[PDB]
Structure formats: structure tokens, C-alpha cells
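Read through the structure below, which is laid out as C-alpha cells, and then see the notes.
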Amino acid sequence: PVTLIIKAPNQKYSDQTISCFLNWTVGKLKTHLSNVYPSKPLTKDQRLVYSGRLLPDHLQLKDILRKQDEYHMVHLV
């Protein structure tokens with residue numbers, strides 16, 4: 001799968017390498033994070049910020065994460 005590196009807001013937790021598919025949207029992945037992340041953060045408040053920009057839950061990961069494909073560091077907010 002794709003190495004989707006979920007780093008915490010203040011880097012409270014380290015770089016989390018989530019082996020997941022770009023098939024899903026930011027919403028389905030963020031639900032998946034709220035399950036597989038040991039803090040289990042509020043899906044309603046939490047969003048994914050990729051290298052400065054905001055990833056909305058309606059679009060598929062692939063569209064933004066196509067460029068490198070291999071690995072992507074996203075900051076949780």
C-alpha cells in the first residue's frame with residue numbers, strides 16, 4: 001500500500017506510517033485513522049493538512065498524493 005505518514009499537530013506523537021490505499025477519500029481514511037491511531041481523535045474536529053494545504057473529505061487521496069505516490073507526510077489538525 002501507500003505510506004501515508006500521519007504526524008501529530010505539535011508532533012506529540014511521532015511520524016505514523018499508515019500503510020493505506022489512495023482508493024478512499026480523506027473522510028474514509030480519517031475514520032480509519034480515528035480507529036488505528038492510539039489517541040483515537042474526534043473525526044468531526046480533526047482534518048488532514050498536506051504540506052500546507054487542507055485535504056477536504058469529499059475528494060479521493062490519489063488526486064493530491066499522485067505526485068510522489070510512494071510516501072506522503074500529512075499533519076493532523
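Convention: chains lettered A, B, ... in C-alpha cells order; per-chain residue numbering from 1; ligands numbered from 1 as shown.
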
Backbone-only DSSP, strand (DSSP E) members of chain A, as a list in words: residues 2, 3, 4, 5, 6, 7, 16, 17, 18, 19, 20, 48, 49, 50, 53, 54, 55, 71, 72, 73, 74, 75 and 76 of chain A

Contacts of residue 48 (chain A) at 7 Å or less, counting only C-alpha atoms, minus same-chain residues fewer than 3 places along, as a VMD selection string? chain A and resid 54 to 55 74 to 77

Find the residues around residue 12 (chain A) up to 12 Å (only C-alpha atoms counted), leave out those fewer than 3 positions away in its own chain, and share them as a list in words. residues 6, 7, 8, 9, 15, 16, 39, 75, 76 and 77 of chain A

Enumerate as a list in words all residues of region 7-76 of chain A assigned to helix (DSSP H, G or I) by DSSP on the backbone, naming them with the chain letters and numbers the document uses.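 Reading the DSSP output for region 7-76 of chain A, helix (DSSP H, G or I) covers residues 26, 27, 28, 29, 30, 31, 32, 33, 34, 35, 36, 62, 63, 64 and 65 of chain A.
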
Next, the residues of the selection above should be written as a short mmCIF file (atom, residue, chain, number, x, y, z; two decimals), in the first residue's frame with C-alpha atoms.
```cif
data_model
loop_
_atom_site.label_atom_id
_atom_site.label_comp_id
_atom_site.auth_asym_id
_atom_site.auth_seq_id
_atom_site.Cartn_x
_atom_site.Cartn_y
_atom_site.Cartn_z
CA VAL A 26 -9.83 11.82 3.07
CA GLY A 27 -13.08 11.14 5.04
CA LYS A 28 -12.89 7.28 4.89
CA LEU A 29 -9.13 7.44 5.68
CA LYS A 30 -9.73 9.86 8.61
CA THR A 31 -12.37 7.42 10.02
CA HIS A 32 -9.73 4.67 9.53
CA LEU A 33 -7.21 6.92 11.45
CA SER A 34 -9.66 7.56 14.34
CA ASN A 35 -9.70 3.70 14.61
CA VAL A 36 -5.97 2.79 14.03
CA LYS A 62 -4.96 9.92 -5.03
CA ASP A 63 -5.68 13.38 -6.60
CA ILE A 64 -3.23 15.17 -4.18
CA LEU A 65 -1.00 12.15 -3.39
#
```

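Distances to residue 71 (chain A) were evaluated for A:13, A:24, A:58, A:19 using only C-alpha atoms, and the minimum falls at A:19.
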
As a PyMOL selection string, please: the residues near residue 21 (chain A) (cut-off 10 Å, only C-alpha atoms, same-chain neighbours under 6 positions excluded). chain A and resi 1-4+29+60-62

What is the distance, in Å and to one decimal place, between CA of residue 66 (chain A) and CA of residue 22 (chain A)? 8.5 Å

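When CA of residue 57 (chain A) is paired with CA of residue 14 (chain A), their separation reads 23.5 Å.
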
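CA of residue 25 (chain A) to CA of residue 47 (chain A) spans 12.2 Å [interatomic distance, one decimal].
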